[PDB]
Amino acid sequence: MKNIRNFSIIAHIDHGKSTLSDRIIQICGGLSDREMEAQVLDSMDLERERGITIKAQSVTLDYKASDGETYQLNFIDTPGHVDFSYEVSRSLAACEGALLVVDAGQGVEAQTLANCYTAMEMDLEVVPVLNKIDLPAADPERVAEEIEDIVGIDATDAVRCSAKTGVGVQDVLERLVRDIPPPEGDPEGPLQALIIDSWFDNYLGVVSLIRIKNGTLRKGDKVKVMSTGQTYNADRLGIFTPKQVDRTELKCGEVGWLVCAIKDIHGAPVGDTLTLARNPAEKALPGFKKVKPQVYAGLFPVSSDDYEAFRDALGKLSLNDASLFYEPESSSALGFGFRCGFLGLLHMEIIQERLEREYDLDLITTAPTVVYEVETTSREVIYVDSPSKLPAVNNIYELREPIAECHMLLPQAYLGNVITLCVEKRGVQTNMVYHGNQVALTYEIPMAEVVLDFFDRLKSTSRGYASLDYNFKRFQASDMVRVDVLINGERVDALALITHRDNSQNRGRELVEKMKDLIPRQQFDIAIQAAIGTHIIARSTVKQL
Amino acid sequence: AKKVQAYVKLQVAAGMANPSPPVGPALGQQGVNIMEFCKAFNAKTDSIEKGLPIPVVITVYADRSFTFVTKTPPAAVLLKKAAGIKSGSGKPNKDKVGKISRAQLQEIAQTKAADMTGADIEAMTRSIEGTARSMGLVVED
Amino acid sequence: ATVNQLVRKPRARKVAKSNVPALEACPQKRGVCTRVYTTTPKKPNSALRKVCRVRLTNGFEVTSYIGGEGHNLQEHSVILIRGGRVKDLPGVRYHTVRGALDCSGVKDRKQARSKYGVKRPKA
RNA sequence: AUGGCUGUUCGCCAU
RNA sequence: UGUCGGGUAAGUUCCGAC
RNA sequence: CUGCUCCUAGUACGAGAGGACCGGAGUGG
RNA sequence: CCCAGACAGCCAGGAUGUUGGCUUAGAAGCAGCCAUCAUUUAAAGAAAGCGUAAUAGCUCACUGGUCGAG
RNA sequence: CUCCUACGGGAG
RNA sequence: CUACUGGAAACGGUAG
RNA sequence: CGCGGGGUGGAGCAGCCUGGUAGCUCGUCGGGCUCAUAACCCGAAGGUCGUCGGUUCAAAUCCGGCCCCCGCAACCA
RNA sequence: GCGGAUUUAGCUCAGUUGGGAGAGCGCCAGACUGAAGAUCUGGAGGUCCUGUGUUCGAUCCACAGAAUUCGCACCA
């Protein structure tokens with residue numbers, strides 16, 4: 001245990017953290033050849049295409065230090081976003097420290113900051129690393145000041161290194177061992193193993209990556225997954241090198257893989273803890289959950305024949321996505337699809353990109369929105385999931401849309417681009433507090449609008465320095481208006497829209513013109529009209545030939 | 001007589017302070033101790049005068065500490081109460097919402113005399129008249 | 001009849017029609033729920049009962065009833081077809097087993113809990 | 001710009 | 001060049017319908 | 001007459017997604 | 001219009017009632033409507049444009065002096 | 001079909 | 001078995 | 001663009017060149033028959049006559065001005 | 001774009017004395033039925049398209065504007 005060092009790498013760019021990640025492997029295990037980002041360095045297809053880690057594997061290495069001793073380095077790759085805020089914290093919860101790989105030519109950035117802040121909020125040693133010093137545009141001394149200024153971390157003795165040569169990467173490892181404390185626990189205490197990840201191996205079956213917090217796991221041992229309460233036999237276990245080597249036992253403070261014949265990956269959930277059956281730990285390790293989503297959107301196949309594949313693809317994603325929510329939904333116009341919940345914008349964008357490429361699905365995706373509280377003319381309260389079930393306009397006394405309280409953190413320079421979005425999305429400012437050159441904004445925004453991708457638009461307009469947290473607050477009167485169209489008399493639902501009052505008249509006129517372009521002068525007069533309730537707001541009639 | 005210095009200025013209610021929107025973040029950015037000021041201000045403000053918004057100049061030091069000098073107040077409002085009305089005219093001079101005797105004008109001029117630059121009582125009264133004309137309040141002399 | 005009259009064409013059994021097509025020996029099949037509604041009874045009765053058109057695993061889309069008071073049955077909500085027809089509901093030759101898969105059992109039903117779906121009151 | 005249709009120019013459609 | 005169906009990558013002609 | 005590809009440079013720009021200038025090489029209709 | 005100092009240049013200032021009333025989430029000279037006075041003066045528009053969420057802030061009108069004939 | 005490959009050819 | 005020799009391999013070929 | 005026919009109680013048709021009298025069928029309303037509904041029977045009501053004006057003692061009626069309604073022609077190059 | 005017509009309750013629409021905001025459908029209820037329906041009663045139901053103006057008073061009058069619609073012009 002005294003010789004184990006668990007840590008994760010917070011980096012951007014690439015910054016040379018994941019290529020620091022890569023270079024570390026080269027100077028240790030190897031195993032052989034150091035890979036390149038251009039090469040499929042990260043294993044999954046998603047990572048390959050983007051050329052980013054979405055999430056990597058994690059690696060266990062052995063490093064002989066200058067003191068002549070061998071250190072088991074177990075490191076986890078940290079995905080760099082707050083949509084997976086929970087997942088990130090759980091990886092960091094498995095560490096005693098972290099590396100902050102910063103480009104000497106660029107300087108720090110806000111997606112490497114929130115993970116870095118939470119890393120300090122949990123008592124982890126954060127080692128500053130100045131990367132890519134060989135580049136002509138590298139300014140180490142200045143970037144050192146930036147880390148000390150923005151992050152609040154001491155970087156006077158910050159270790160620096162090259163991506164060209166690999167010089168000083170060993171010194172990064174020397175520092176690591178010196179300053180990150182060894183993992184803690186009782187090798188004899190009741191077994192407590194944190195499930196970091198579980199996947200399916202087409203030959204080995206369900207495999208879990210483990211961190212041992214307490215006790216010792218050996219080959220024969222009958223293990224217990226604490227949530228399910230079921231028991232299993234630890235048939236095989238070992239470490240990654242990254243090569244898969246078996247071991248007789250995983251001891252306290254070590255990271256490795258376990259193969260016991262668990263049915264599916266839900267039988268070994270991420271965050272759960274493994275104890276021994278003969279000697280079960282009294283209390284499961286902290287922070288286990290399922291977890292939940294902010295943002296919602298409907299996804300419908302272009303072709304109804306894709307529906308089968310789409311349903312199965314959601315199921316496939318669901319075995320490994322704990323916070324992905326989906327539920328069946330149908331439209332007259334759009335067809336059979338699924339109403340979907342997401343943690344935020346890039347959670348939605350990852351899944352969409354994955355649905356598009358891996359599962360090869362051409363999909364229609366409606367703009368995101370939320371549920372409502374309706375009071376009938378015959379006074380009473382009903383709740384509407386699906387817009388197709390909303391009472392007739394005449395029967396609505398008051399339509400009440402959910403308001404979300406959005407707590408946002410952002411640097412002062414950006415609030416101009418931020419509150420302009422807020423009010424574009426119908427927000428009302430509730431409070432504003434100053435903290436140095438950082439502003440704490442609290443806004444009340446309609447949930448229907450928070451869910452229809454706005455999270456991305458805030459993250460773009462502030463270049464990822466604004467951090468959103470929203471919860472339900474109230475129902476209120478909506479103040480957005482529903483404009484039908486009926487063409488030749490007949491209701492065309494597919495053509496209906498929800499738009500803000502102030503230009504609902506205007507949006508109605510545009511909808512009629514759009515139609516007039518798609519419908520030529522034909523055999524019979526064709527009347528196209530937009531309407532709110534009983535009231536016609538725009539009518540145009542395509543004269544017959 | 002001296003020279004400008006690092007400090008923030010703001011007009012806060014008599015006996016009440018500490019809210020984020022009004023104060024807090026305002027001087028909080030400078031590194032001011034909101035908790036100390038709110039209690040310190042209202043402390044002497046109660047004795048000085050309550051119910052009247054008083055502008056104070058908070059002077060912060062390198063020790064992020066601070067001091068403040070308390071001062072004085074406004075007009076349209078005095079004519080509204082004197083006239084017995086709640087709001088202005090909306091269309092001044094066009095339609096009169098209320099009226100004020102020249103006697104009251106003088107009174108209000110006496111109250112604001114502290115903030116007014118008028119050399120004499122007649123002058124300050126003339127100034128008060130300008131406020132009335134802008135709020136649709138005629139004066140009966 | 002006459003012995004010889006039979007030797008030509010012996011008596012034969014009248015193949016009974018399985019009043020349960022979406023059966024295939026299967027005592028029950030999963031579903032998909034094409035949609036759920038609230039229809040009306042036959043003629044002697046009234047009140048709008050609850051029915052649903054669920055699509056079976058074998059593509060034998062059919063309609064079922066929703067016994068018990070209330071139900072969370074949404075749309076894409078999958079269910080397990082039971083069988084058994086109804087009277088007031090024409091065609092409906094199947095019923096949805098409550099307290100299984102996605103459909104939840106009755107609420108506060110302290111009697112004949114085996115049906116619908118309610119695992120013990122509170123002991 | 002080649003084709004489907006049309007005598008068509010044109011136009012609609014496919015690429 | 002009515003509308004729908006067929007044929008074609010695409011059919012003011014053609015075949016089947018209303 | 002002009003497409004495209006490689007380099008510059010995944011650089012400037014960008015919260016991302018995405019993504020040049022200027023200049024250089026090659027291969028096509 | 002000006003040697004009772006012109007125009008350009010130049011330096012100085014440009015305040016108080018008041019953030020005018022209404023309106024508005026906010027409208028403080030500067031979204032919009034109405035009013036557009038009084039006080040202090042060498043001068044000082046409830047204000048000409050930019051700007052802020054609103055303030056702030058910057059420049060402008062105005063006037064004083066330097067120069068000296070257009 | 002599935003897998004290996006040094007693309008010649010192999011394996012179940 | 002030995003001595004040679006073809007292939008990435010599977011798998012061979014010469015001579016004694 | 002031009003010819004010529006027509007706007008009358010709720011619907012469908014008369015009455016107009018021969019200016020003062022608005023006629024018919026259907027339906028609306030009330031009362032009967034019938035257990036009741038139809039049917040059948042008796043008894044009523046209801047029209048700025050398309051509009052803006054002109055001639056006359058008087059205009060559905062005669063003369064012009066448009067507004068919808070219907071038909072017939074609109075040919076040679 | 002130029003002109004006319006139109007814009008009143010959820011739908012379809014009356015509304016001419018400048019002062020009452022209406023009908024039918026619709027929906028709910030009461031009466032009636034053995035019930036439902038049909039009829040009669042009643043109730044809930046309004047941004048009289050918006051703004052400004054005229055007026056003691058505006059659905060109504062005036063101006064500006066908006067929207068719908070018709071009239072002025074390529075089978076595919």
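Just so it is clear, none of the values below were taken in a lab; they were calculated from the coordinates. Here the Cβ is made from the backbone with ideal geometry for all residues, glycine too, and neighbour counts use every protein chain on show.
For the reader, a short list of remarks on this structure follows.
- Placing pseudo-labels 7 Å out from each Cα toward the beta carbon at A:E513 and A:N437 gives an inter-label distance of 4.6 nm.
- Across every direction, the projection of the convex hull enclosing the Cα atoms of the protein assembly as shown has a mean area of 62.5 nm².
- Difference of contour (0.36 nm per residue) and Cα-Cα distance, A:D493 to A:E49: 156.0 nm
- Judged by the gyration tensor of its Cα atoms, with axes a ≥ b ≥ c, region A:192-276 is rounded; a/c sits under the 1.5 cut.
- Net charge over other residues, Cβ less than 12 angstrom from the Cβ of A:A496 (K, R count +1; D, E count -1): +1
- With contacts taken as Cα pairs under 8 Å at a separation of at least 6 residues, chain A carries a relative contact order of 9 percent.
- In nm, spacing of pseudo-spin labels at A:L135 and B:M16 (7 Å Cα→C-beta vector): 5.5
- Least to most buried among A:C95, C:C26, B:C38 (fewest other Cβ within 10 Å first): C:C26, B:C38, A:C95
- In percent, rounded to a whole number, the relative contact order of region B:1-71 is 42, using alpha-carbon pairs under 8 Å and six or more apart.
- Residues of type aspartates and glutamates that A:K283 reaches as a straight line, Cα spacing below 14 Å, ignoring anything fewer than 8 places off in the same chain: A:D272
- Using a Förster distance of 56 Å, the FRET efficiency for A:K263-B:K86 (Cβ separation, nearest 0.05): 0.15
- Share antiparallel - DSSP beta bridges, chain A, percent rounded to 5: 85
- Local electrostatic count at A:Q111 - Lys and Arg +1, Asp and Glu -1, tallied over other residues with Cβ under 15 Å: -3
- Rounded to the nearest 0.05, the FRET efficiency derived from the C-beta distance between A:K164 and A:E184 at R0 = 35 Å is 0.40.
- Take the Cα of A:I536, step 7 Å toward its Cβ, do the same at A:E356, and the gap between the two points is 4.2 nm.
- Considering only alpha-carbon pairs that sit under 8 angstrom and 6 or more positions apart, the relative contact order computed for chain C is 20 percent.
- Cβ-Cβ FRET estimate between B:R64 and A:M122, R0 fixed at 25 Å, reported to 0.05: 0.30
- Taking amide H as placed 1.01 Å from N in the peptide plane, A:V492 has its amide H under 5 Å from the amide H of A:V485, A:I487, each at least 5 places away in sequence or on another chain.
- Around the amide H of C:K29, modelled in the peptide plane, lie the amide H atoms of C:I81, all under 5 Å away and 5 or more residues distant in sequence or on another chain.
- Which of A:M515, A:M447, B:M124, A:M1 has the fewest Cβ neighbours within 10 Å, and the rest in rising order: A:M1, A:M515, B:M124, A:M447
- Column: log10 I(q)/I(0), Debye, Cα scatterers of region B:72-141, q = 0.11, 0.20, 0.22, 0.24 Å⁻¹: -0.22, -0.72, -0.86, -1.00
- Extension gain, A:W199 back to A:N506 (0.36 nm per residue minus Cα-Cα distance, nm): 105.2 nm
- Reachable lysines, given that their alpha-carbon falls under 27 Å from the alpha-carbon of A:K425 and they are not under 8 places away in the same chain: A:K292, A:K389, A:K459, A:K473, A:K514
- Note: region B:1-71, Cα convex hull, 86 Å³ per residue.
- Most mobile listed residue (C:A16, C:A25, C:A112) in chain C, GNM with C-alpha springs under 10 Å: C:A16
- Cross-link partners of B:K80 among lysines (Cα-Cα below 23 Å; sequence separation of 8 or more within a chain): B:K50, B:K91, B:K94, B:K96, B:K99, B:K112
- Hull-based mean projected area of region A:1-125, where the convex hull spans the alpha carbons, in square nanometres: 8.2
- Ordering A:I519, A:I54 by the number of other Cβ atoms within 10 Å of each residue's own Cβ, fewest first, gives A:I519, A:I54.
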